[PDB]
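Throughout, read-outs are computed from the coordinates displayed, never taken from laboratory work. Neighbour counts run over all protein chains shown; Cβ positions are idealised from the backbone, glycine included.
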Amino acid sequence: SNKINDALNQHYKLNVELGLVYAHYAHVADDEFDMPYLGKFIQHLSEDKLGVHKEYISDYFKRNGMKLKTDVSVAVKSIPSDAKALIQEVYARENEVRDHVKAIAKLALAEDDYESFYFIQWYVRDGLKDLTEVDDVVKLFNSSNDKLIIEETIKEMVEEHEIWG
Amino acid sequence: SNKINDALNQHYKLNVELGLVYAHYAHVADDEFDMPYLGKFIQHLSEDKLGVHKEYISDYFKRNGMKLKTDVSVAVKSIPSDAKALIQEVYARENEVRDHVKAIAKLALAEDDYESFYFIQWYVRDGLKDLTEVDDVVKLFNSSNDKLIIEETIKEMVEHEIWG
Amino acid sequence: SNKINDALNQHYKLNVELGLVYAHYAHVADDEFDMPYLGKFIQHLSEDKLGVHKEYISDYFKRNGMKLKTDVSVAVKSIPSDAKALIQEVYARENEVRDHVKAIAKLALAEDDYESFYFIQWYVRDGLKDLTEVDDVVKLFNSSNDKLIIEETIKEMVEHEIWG
Amino acid sequence: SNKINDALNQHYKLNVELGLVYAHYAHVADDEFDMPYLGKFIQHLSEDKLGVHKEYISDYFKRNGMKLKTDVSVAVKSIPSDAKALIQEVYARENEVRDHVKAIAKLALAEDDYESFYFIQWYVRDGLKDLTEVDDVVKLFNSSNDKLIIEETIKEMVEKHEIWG
Amino acid sequence: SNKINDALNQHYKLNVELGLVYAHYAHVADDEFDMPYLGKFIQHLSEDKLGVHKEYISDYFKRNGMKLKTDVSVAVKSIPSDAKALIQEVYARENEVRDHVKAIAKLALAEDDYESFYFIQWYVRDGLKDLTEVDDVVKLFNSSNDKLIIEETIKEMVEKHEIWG
Amino acid sequence: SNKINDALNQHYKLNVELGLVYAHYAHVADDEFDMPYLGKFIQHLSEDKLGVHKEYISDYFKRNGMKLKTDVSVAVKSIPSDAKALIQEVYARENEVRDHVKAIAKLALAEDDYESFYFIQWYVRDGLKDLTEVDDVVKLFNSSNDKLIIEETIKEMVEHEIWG
Ligand SMILES: [Fe+3]
Ligand SMILES: [Fe+3]
Ligand SMILES: [Fe+3]
Ligand SMILES: [Fe+3]
Ligand SMILES: [Fe+3]
Ligand SMILES: [Fe+3]
């Protein structure tokens, strides 16, 4: 099939681009806002976006017979003013990734292709998992104003569910 | 300093682009040319390029007080015909990386900055190490013609006092 | 060579005097500002200045046959008002020893003495390491004014492959 | 009390200066007289004098409420002509430190300050300890004229009591 | 480069020649001066020169693409008179190879070749290490007169840093 | 005695020169012909010829009271065209050293000297051992056409009561 091929290529390029953006966000969060463990958290997110999240698509292409494209273009020009807006930008990005995955799943169900449905269940789950992992950190900035308390909390976070994991 | 900052940003860019291209090459060698272990070898090169090679630059920028910029662009549309041409292409990329690092090191000695020289020693070592590791594989396609023998040798490869 | 000998004697006396000053600053920080873990931090810094930082100079002199000279003088009479100014003074001292070591290394290369270059690489690295260790604390006094929180952070506080 | 504070500051200064001078003597004994283990021995003495012997004074000042004063100015212009005169100079320095501690102890007991008397008992003991360990090495040079047997016995001393310990 | 190549070939040649002459010196020290442990010491220097000191040059040539050359010519025709002269000869040999390596490093730094500079750092360090490890043995023939004490010393030496070693 | 002395000195010199030439052949075999394990093999041979094969003679001289001489002159100019001619040249050198030691043993038995005979028995045995273990690699090149197969079996080679 070709429509599924296009959709999965799109998700592949999206994942790579978001990985790069998250890496830059983590460096600028550690270097300027003086919150190193927030940088650690976002760096873990970027490693996860650049690793299995695209290795799985590549392996599925090798496995069923589809064809792969690569064309990436990214440039970070503006940076949010403080850490709150930065974590909220990350939140919005993840929220959009969920919508993209839902579109892919609907398409796969429409073309009478059930291998792609079984394959995309994994992303359907991991999207909600990562979104809540990010929102739990977002909710810390609505609780305290001592930056070091937030630091200790995120440190304890950095240092498995049956249904969602 | 400023020249060193520019050079290190350009090196960050170069490493990111190499990593992405190597990932694509490894996929196309596994899927098309019927050689999985060559694909694993190239994929591990790609993970090496996308990991510490740039994490170190980022951490050094965090330490000494320099600025970072992220600006990437890449799209492959020219792929070789067999495996030998692919591995020779990889060889050429590695050699050019070696050249660029040499130029950075000379520039660093020119500015009387010695933390930069100390930092770049690591890349000066890793360049030749990686080039030798790739040439070891390029040598195989000139010693046989049966693909499965080459594959088994590469698998056994993927299974020094100075350079390590 | 005589000029490298004079530069190394300068570095020796500088380290000794810094060690004594840091010892007194640690006592003051623990006794007058009610921050014992900052005191243990500065005490570790003073021990590091009074130990290997001069052991290695004396050992090098024993090896290559250079004369040693012990002429020191220090007197601590004016101390800052609070912990922020104290840790900022520490920061400045380290930022200056960096430049001193850089001058030494340039002089070493300029007159064709390469064993001194290989020797001074150690200090070229340790300068940036110690500067980051101090800065990671000088930037804790901008995150919060609850002094006990800073104390707990320093408590939990007290290596990179390149900058080890 | 001011007399005890002055005397303890003086002793702090004295210990620091002895530490530095002993460091230089250890270097010159290793480098010019071909006796590395004599250097090890004197370097051990120097590291003692620069460590606990002033660590304790500063800590006691913290405990009871006195003030500290750093004022150090030492320099080396002259050195002995052989290892014998060197170790005899070391002996003289320790011998004087004993009398300094004795004066401080008399003063401490004259002013009804018994915590400081308890404190100075430690130095009263370690004075004789260090003096006897120095004399056990200065008396070797009255037993031989071959430097290498002295080296052997000093090595077996360094590498290897209920009242005085 | 051709200058780096000629210099490194010359160093290979120097190392093999020193290995041969040290081996002969060790035999003639054990047999004719009745000093077996001095013989073992010089033998270890010999095999150290004949091992890694040239294996590393051969390996660097295999890596970068230079070519090797083999040319040896050695004849030991006049041996020193006693043990003192022998140890002084080996001292001077090391003190010469030091500035040989220094000239190589100067040349490598002058020709915009940083791989070879990084390479020769190893020899820059080992030169001084071996020089001092030999000088601490030549220093023993001034300390005593009888041969067996020197023998005991060299024995406890051969029967066992962060920057230099 | 003196005849045995001169013969053993000639043998000492022979062994030294063989060891050096073998080290150079090993470098050539690894670099030009692309066969690293053959290079490791010849390197083991050279280490053997430069170690015990001569320290035994020096020990014997120490023991019975003969005198030692040193005279070495080695210069390699022409190397074979490929690995087969290389290994055959090594075979010839070994086959010659066997004859040399046989002549030494005959002379030692003619002079009615029996400690020298008892000593040279070791070389009489080890010559045949080494020659067999070189011949069984020589005949690999006359049994196949691929280089990777030969290389794998030599690798496994690298990984008796009478002759041991
Ligand atoms: Fe995920
Ligand atoms: Fe690498
Ligand atoms: Fe330090
Ligand atoms: Fe003591
Ligand atoms: Fe060595
Ligand atoms: Fe043999």
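Data overview
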quantity	calculated
Residue satisfying condition, being assigned to a helix (DSSP H, G or I) and farther than 25 Å from F:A75 by Cα, within set E:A7, E:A26	E:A26
Subset of the range B:55-74 [hydrophobic (A, V, I, L, M, F, W, C) and more than 9 Å from chain A (Cβ to nearest Cβ)]	B:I57, B:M66
Residue match in the range C:109-117 (condition: crowded, with 20+ Cβ neighbours inside 10 Å, more than 12 Å from chain D (Cβ to nearest Cβ) and within 16 Å of ligand 3 (Cβ to nearest atom))	no
Count of the range F:118-151 residues which are within 12 Å of F:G164 (Cα to Cα) and over 13 Å from the mean Cα position of the chain (by Cα)	1
Filter result (small (G, A, S) and within 28 Å of F:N9 (Cα to Cα)) within the range E:73-101	E:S73, E:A75, E:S78, E:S81, E:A83, E:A85
Any chance E:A110 is surrounded by fewer than 17 Cβ atoms within 10 Å (Cβ to Cβ), under 16 Å from the mean Cα position of the chain (by Cα) and either of a type in the set (A, V, I, L, M) or within 14 Å of chain F (Cβ to nearest Cβ) (or both)	no
Count of residues meeting criterion [more than 26 Å from F:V74 (Cα to Cα) and crowded, with 17+ Cβ neighbours inside 10 Å] in the range E:70-98	3
Filtered residue count, the range A:56-83, keeping only those that are part of a helix (DSSP H, G or I) and surrounded by 14 or more Cβ atoms within 10 Å (Cβ to Cβ)	9
Subset of the range E:135-165 that is in contact with a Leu (Cβ under 7 Å, 6 or more places away or on another chain) and farther than 23 Å from E:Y60 by Cβ - its residue that is farthest from the other protein chains (Cβ to nearest Cβ)	E:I154
Any chance B:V52 is away from ligand 6 (no atom under 16 Å from the Cβ) and either within 9 Å of chain A (Cβ to nearest Cβ) or touching a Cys at 6+ places or on another chain (Cβ under 8 Å) (or both)	no
Meets criteria (of a type outside the set (G, A, S) and surrounded by fewer than 12 Cβ atoms within 10 Å (Cβ to Cβ)) for D:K67	yes
Boolean, E:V101 is away from ligand 1 (no atom under 16 Å from the Cβ) and either of a type in the set (G, A, S) or crowded, with 18+ Cβ neighbours inside 10 Å (or both)	yes
Any hit, the range E:75-96, residues being more than 10 Å from every other protein chain (Cβ to nearest Cβ), within 16 Å of ligand 5 (Cβ to nearest atom) and either touching a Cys at 6+ places or on another chain (Cβ under 9 Å) or farther than 17 Å from E:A26 by Cβ (or both)	yes
Count of the range D:44-64 residues which are more than 9 Å from every other protein chain (Cβ to nearest Cβ) and buried (at least 18 other Cβ atoms within 10 Å of the Cβ)	5
Subset of the range F:5-63 (residues that are in contact with an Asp or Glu (Cβ under 7 Å, 6 or more places away or on another chain) and among the charged types (D, E, K, R))	F:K13, F:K62
Selection from the range C:136-161 of residues that are surrounded by 16 or more Cβ atoms within 10 Å (Cβ to Cβ), under 30 Å from B:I57 (Cβ atoms) and within 9 Å of another protein chain (Cβ to nearest Cβ)	C:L140, C:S143, C:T153
Condition met for E:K69 (at the interface with another protein chain (Cβ under 10 Å from one of its Cβ atoms) and under 24 Å from C:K62 (Cα atoms))	no
Residue list for the range F:27-53, restricted to those being in contact with a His (Cβ under 9 Å, 6 or more places away or on another chain) and of a type in the set (G, A, S)	F:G39, F:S46
